[PDB]
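A structural walkthrough
Given next are the chains, with one letter for each unit.
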Amino acid sequence: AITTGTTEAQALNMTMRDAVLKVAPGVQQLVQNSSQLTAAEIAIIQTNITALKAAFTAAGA
Amino acid sequence: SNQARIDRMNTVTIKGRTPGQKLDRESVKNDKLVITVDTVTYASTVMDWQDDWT
Amino acid sequence: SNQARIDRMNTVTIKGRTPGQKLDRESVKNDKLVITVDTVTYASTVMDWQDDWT
């Protein structure tokens, strides 16, 4: 469960924020246009998505 | 900044009625567009003073 | 220069005497104090033009 009391939880909460904010700008590009749909960039999106799940699990969400 | 935004919107439809009838309403929907700049392109050349003086 | 100087000195002592005795004589002592400056203190910050333009 999520906690917000101590510095140990603060670090995990901070990591989640910048883990999700890296994913945020890619999904919009995935749908708004056909400019940046090369197979080489979907790979970066996939790695960011994979890191997001690990951040969630570490934070205990 | 390093990015810009543009808006998007849908359209409407036409209808008709006879006396005594009410009027219907419709819902419009929205979205957006974003662009970003990341890379710089350049050219450069160099010369020596001794060759420049001659 | 990079140095400064100050001087130091001592004091005297009182004694006693009786008829027929010679008078003792005491020598004062000297030294000095010197201070030097060697270290510079600074703070620095750098930025990039590509980030400045946006």
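Residues numbered from 1 in each chain as written, not as in the entry; some residues may be left out. Chains lettered and ligands numbered in written order. Part of a larger assembly, values for the part shown. Heavy atoms only, no water.

As stated in the entry header, the method of structure determination is cryo-EM and the reported resolution is 3.04 Å.

The subject of this paragraph is the overall build of chain B. When helices and strands are tallied, chain B shows 1 helix and 2 strands. Put simply, chain B runs from its N terminus to its C terminus through helices and strands in the order β-β-α. Here the C-alpha radius of gyration of chain B, 30 Å, is well above what a compact globule of 54 residues would show, namely 10 Å. For the C-alpha atoms alone, the extent of chain B along its principal axes is close to 95 × 20 × 10 Å. Entry remark: accessible area of chain B is about 6000 Å², with carbon and sulfur atoms responsible for 52%. Side chains of chain B give 8 positive and 8 negative charges; the mean places of these two sets differ by 32 Å. (Helix = DSSP H or I, 4+ residues; strand = E, 2+ residues; numbered from the N terminus. Rg over C-alpha atoms; globule rule 2.2 N^0.38 Å. Areas by Shrake-Rupley, 256 points an atom, 1.4 Å probe, with all protein chains shown as cover. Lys, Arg positive; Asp, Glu negative; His and termini not counted. Charge placed at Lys NZ, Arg CZ, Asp CG, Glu CD.)

Now for the environment of B:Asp52. Residue and element names in this part refer to chain B. For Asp52, the position within the fold is in helix α1 (residues 49-52). Note on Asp52: relative accessible area 53%, which makes it exposed. For the pair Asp52 and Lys22, spaced 30 residues apart in the sequence, the C-alpha separation amounts to 86 Å. (Buried < 20%, exposed > 50% of the residue type's maximum accessible area, 1.4 Å probe, protein only.)

Residues and elements named next belong to chain C. For the coordinates displayed, the defined rule picks out 3 salt bridges over all chains. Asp7 is the partner of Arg5 in a salt bridge, and the nearest nitrogen-oxygen pair spans 3.6 Å. The pair formed by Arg5 and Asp7 is uniform in burial state, with each residue classed as exposed. Among the salt bridges present, the one from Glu26 reaches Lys15, with a minimum N-O distance of 3.9 Å. Of this pair, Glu26 sits in the loop between β1 (3-9) and β2 (30-36) while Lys15 sits in the loop between β1 and β2; the two residues are 11 residues apart in sequence, bridging distant segments of the chain. Under the relative-accessibility criterion, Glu26 is labelled partly exposed at 44%. The class of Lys15 is partly exposed, set by a relative accessible area of 49%. (Salt bridge = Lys/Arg side-chain N within 4 Å of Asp/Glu carboxyl O.)

Residues and elements named next belong to chain A. Counting 6 residues, the largest nonpolar core consists of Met16, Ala19, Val23, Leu52, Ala55 and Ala59. Breaking this core down by element, the ones donating at least two residues are α1 (7-32) and α2 (39-59). For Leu52, the residues in contact, after removing those within four places along its chain, are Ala19, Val20 and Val23. (Core = buried A, V, L, I, M, F, W, Y, C linked by side-chain atoms within 4.5 Å. Contact = heavy atoms within 4.5 Å.)

What follows is about a nonpolar patch on the surface. A contiguous nonpolar surface patch, about 340 Å² in accessible area, is contributed by A:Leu30, A:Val31, A:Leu37 and A:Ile42. Its location among the elements puts A:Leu30 in helix α1. (Patch = residues over 30% accessible without salt bridge, like charges linked within 9 Å, V, L, I, M, F, W, Y side chains within 5 Å.)

Now for the side chain of A:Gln32. Inspection of the secondary structure assignment puts A:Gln32 in helix α1. Beyond its immediate stretch of four places on either side in the chain, A:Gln32 contacts B:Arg8, B:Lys32, B:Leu33 and B:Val34.

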